[PDB]
Structure formats: structure tokens, C-alpha cells
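Protein chains in written order, with the deposited numbering: chain G, 2 to 286; chain F, 237 to 470. Cβ coordinates follow ideal geometry from the N, Cα and C atoms, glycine included. The block underneath contains the structure these notes are about, expressed in C-alpha cells.
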């Protein structure tokens, strides 16, 4: 209301708007590179999925359906994969995924099953540490365009815990890239059910020179690993899109606040000039 | 009123718009030829307000439980007339335009409102604690208005998110439907006792009612009414 502090406020909010526009355009660039990486990685999973379809079609014996093919009965312990942005300002994406993880944990505890969560990205790790349930395995400081080696550190741990019986079922929650405006979480399983990509449309009997057991033992870890990679990369694209949208909204809000503060400053200036002129006129009289 | 006070009768004084007394003084003073002071006000506004207000005093013979109303010109609380009125009060309540436009019609700004009897050993320790804690959480929301407006609720810390949500639920919960405002708010009146108010706000700060969406706190009496509304809505 002093006509000078309001000028400082306008300057600060204008700086906020400018830095936010910078954030928006850089985030748009990152979102586009991430979408390009998603497209480039798509063919590998696109091929492995029908491989899983055919292998699942061939392997029907429950006894020979070992490793990740054991639909173990009397579920006790389940593991979940949560992927979060490394940094904030992502909008409501982190709130959505963390709420989804929380309701997942509550539902699993309702069934009496112990749960364990591995966190991708610092925000998930910090949230789960603050809740009081320490994650077993964490992989933070993940790059914008991560390599599959980065996700191996959690994937191999999860599958080792799966094989040893420590965990019975494996799930993953990630920010699905529905559209550049909406990025909702999506739950997926990592216990290959029937590979419903194209069901069993293809029917060609293959020879397993390593052997059925060896083939499945080698391929299923790879399939779950590429599924995790796809989820993480989709989540990165969703993160960049959500940050871009959040910064666009923040810039618009900053400009609206600039307009409001300019109106207030103008009113303050007019009032100050009126007080000035009235006082000098009264002093004249 | 002074005659009834001198006999010991407990008078209730409901003088309305004392600012109009000051304004009439300003107009007549301008006519009278006195030099104006500040924004065209009479030079003797302090003395006039003193003369009028000091007669509004509870005397050992009898007490006058006065209750005034004041009109701030435009919305400038720094105007000379309200400025002089403030120092003559024991319980100041300040109604803000911004709160009123949000349909929180009691519109009392808790931060700018206060009273002299808000003392732990006069109004009760629990009442004092609840009131001070309500002001603290609200003050925090006022501090974070700018961040919430620009960056949004998501950016700020989880503790601050909880305090902001509680502050919004508070300032909604201060809303109340009065018996005389039935024609505007279809709901009937609510005579919430002070004890129920203290308990309701203590519960709201404690956490009881955090699951309830903030919408149900609008135009409700004590916290039990909010619980009943939520349960009715499942």
C-alpha cells in the first residue's frame, strides 16, 4: 500500500514469471526428448511381448512353470515398485502416485500380507522414510535418459527376493503418460499372467536348445526388467510433461498476480498523488 | 442509558455506525471553518471520540455492556475515524471484504480481531490455547498465500500442506448461519455455546475431522453437526 513495496512485489513476481517460463520451455524440451526415447525403446518390448505370449502358450505344466511362472498359492508377501520424480514442481503427479501407493499398502495390509516397496527417485524414498516404513531397495539420482543398468540394481534384488520366497507377488506403480495434459498413475503386475499383448495369436512351436527351464529362467528376468525400464521411461516422460504444464499454469498465475499488483500499485499511486496535492493545497490555504 | 446505569441496571448499548457520528462531526466542522486535518477530517476528532466514548463505560454503580459498529470508508482501516475508534475498545472485531465475497458471511477476520479478556486465567486455559493455535495456523496460511497462488499447494512442505488444509477448514468453519440470515442462507440459525466452540476447534486442530472434505465445514454449528453432515453424505 506504500506504492514502493508494491513495486518491489511486482518486480519479484515478474522475475518469478520469467524463471517459470524458462522452466516451462526447458521442461518441454526434456519432455520431447523423453518421448523420443520412449519411442526408441518401444520396439524392444514390442518384440519381447509376443515372445512371452508364445512361451506362455507352450509352457502349461505347473511343475515345469517354475521361476517367475510359479503362481504360488497362499499369498503372504508382496513387493511393489514405485517410481517418482527426482525433484519437485512436477504438479500433482507425485501426490497421485504416492496416494496410489498408500492405498495399495492399506489394501494389502487389509489382506494380512506384508508389503515391501522399492523407490525410484528421491521423492518416493523420502516419503516412505517419513511414513516410517523404510524401503528395502532404493535407486535415486536416476538420469533423465537412464540406461537399463540403472534399474538392474532394483530389478535383480526384487527377482532374487521373489525366487527365494521372500516376496510372492511383484507389482509396479508408475505415472502413466495418457496425454500431455493428464498423467495418471497405473498399476501393473510383474508376474507374467498370460502376456495379453496379442494373447496367443501366433502359434509356432520353438526348439529350446538351452532347454525349457534354462530358457524361461533367462528370459523372464529380462522381460520383467524391460517392463520396469518401460515403466520408468514412461514415468520420466510423464514427469517432464507434468512439470511443463505446472510451469505453464504457474506463469499464468504469476502474470495474473502481476496484473492485480499493478492495479493495486496504480491505486496507491493515485491515492498518494491525491494526498500530496490535497496537503499542499491545504497548506496554501 | 446513563440514568439506567446509575441505578445499577445492566444496560446493553447497541450504538450503530459510530463512524457516522465522526463523519457528521467532520461535515459540521468543515462548515464551522476549522482547518481540516488528515483526509478532510475535523481537527477535534480525537477529543470528540473521547467525549463520546468515555461516557460508554461500566461504572461500579452499574455496567454498560456496550457493542458498537464502525464503518471504515472505502476499505481503508487506516482512516482517522476507525483509527481513533480502535483504542477505545476491549474486544475488536474486523470484518474483511475478501472473506465476505467468499460467502463466509460472518466474515470476521480472526487475525485482525482480538479482545482483552483473551487471557488464560479469564477465559480459560483451554480456550486461550485453542484461540492462539487457530490464529497461528491461520497466520501461516496468510504467509503462504502467495506461494499457494503461484506455485500451488503441491510444492510446499507436507507439514505446511497439512497446516494450510487445516487453516482452510478453520476459516470455513468460522462460517455460521444466523437466525436473522435465514432468508439468505436456507439453513436455520445456530446458537453455538462457547464451550462447544472451544471443543470443536480443539478437535479440528487435533486431527479429528481431517478426513472430512473442507466443503462440509461451511455453515455448520459445533463439530458434531459437521460429523453428522459427513456421515449423512457417507
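Residue span of the alpha helix (DSSP H) that contains residue 318 of chain F, given as start and end: 316-322
DSSP beta-bridge partners of residue 298 of chain F: F/295
Run of the beta strand (DSSP E) containing residue 452 of chain F, from where it starts to where it stops: Run containing residue 452 of chain F: none; DSSP gives neither H nor E here.
Outcome for residue 182 of chain G when other beta-carbon atoms lying within 10 angstroms are tallied against a minimum of 16: exposed
N-terminal and C-terminal residue of the alpha helix (DSSP H) that residue 325 of chain F is part of: Premise fails: residue 325 of chain F is in no alpha helix (DSSP H) and is neither H nor E.
Cα-Cα separation between residue 421 of chain F and residue 413 of chain F, rounded to whole angstroms: 7 Å
Beta-carbon gap between residue 93 of chain G and residue 175 of chain G smaller than 9 Å: no
Separation of residue 352 of chain F from residue 331 of chain F, as counted between CA atoms: 18 Å
8 Å CB neighbourhood of residue 271 of chain F in its chain, flanking five on each side removed: 279
Proximal residues to residue 241 of chain F (C-beta, below 7 Å), its chain only, five neighbours per side dropped: 247, 295, 297, 298, 300
Residue-level contact to chain G via CB, residue 275 of chain F, 9 Å cutoff: yes
6 Å Cβ shell around residue 139 of chain G - same chain, five flanking residues per side excluded: 120, 126
Sub-9 Å separation of residue 237 of chain G and residue 147 of chain G beta-carbons: yes
Every unbroken beta strand (DSSP E) within the stretch 52-138 of chain G, with a cutoff of 3 residues, ordered by chain: 78-84, 115-121
Proximity test, Cβ basis, 9 Å: residue 122 of chain G and chain F: no
Cutoff 9 Å: residue 290 of chain G Cβ touching any chain F Cβ: Chain G is shown from 2 up to 286; residue 290 of chain G falls before or after that span and cannot be answered.
9 Å Cβ cutoff, residue 394 of chain F in contact with chain G: yes
Residue burial classification, residue 246 of chain G (beta-carbon count within 10 angstroms, cutoff 16): buried
Sub-9 Å separation of residue 314 of chain F and residue 258 of chain F beta-carbons: no
Between the CA atoms of residue 409 of chain F and residue 448 of chain F - distance to the nearest angstrom: 12 Å
Where the stretch 15-32 of chain G meets chain F: residues whose CB sits under 9 Å from a CB there: 17, 18, 21
Buried or exposed by the 16-neighbour rule on C-beta atoms within 10 Å, applied to residue 100 of chain G: exposed
Rounded C-alpha distance that separates residue 88 of chain G from residue 391 of chain F: 10 Å
C-beta contact flag for residue 98 of chain G and residue 83 of chain G at 9 Å: yes
Cβ neighbour criterion (16 or more within 10 Å) applied to residue 184 of chain G: buried
Classification of residue 81 of chain G by the beta-carbon crowding that lies within 10 angstroms, buried from 16 upward: buried
Interface flag, residue 95 of chain G vs chain F, CB-CB below 9 Å: yes
Endpoints, the alpha helix (DSSP H) within which residue 160 of chain G is located: 149-164
Stretch-stretch touch, CB-based, cutoff 8 Å, three pairs: the stretch 274-283 of chain G with the stretch 47-61 of chain G: no
Cut-off 8 Å between Cβ atoms - residues of its own chain near residue 156 of chain G, not counting five sequence neighbours on either side: 222, 225, 226, 229
Host alpha helix (DSSP H) of residue 273 of chain F (start-end): Where residue 273 of chain F is concerned, there is no enclosing alpha helix (DSSP H), given that its DSSP letter is neither H nor E.
Nearest residue (CA-CA) to residue 255 of chain F, options F/243, F/289, F/407: F/289
Through-space distance from residue 265 of chain G to residue 452 of chain F, alpha-carbon basis: 34 Å
Residue 463 of chain F versus residue 445 of chain F - alpha carbon distance: 8 Å
Chain-ordered neighbours of residue 386 of chain F on chain G, where CB pairs are closer than 7 Å: 17, 251, 254, 255, 258
Neighbour flag for residue 382 of chain F against chain G, beta carbons, 9 Å: yes
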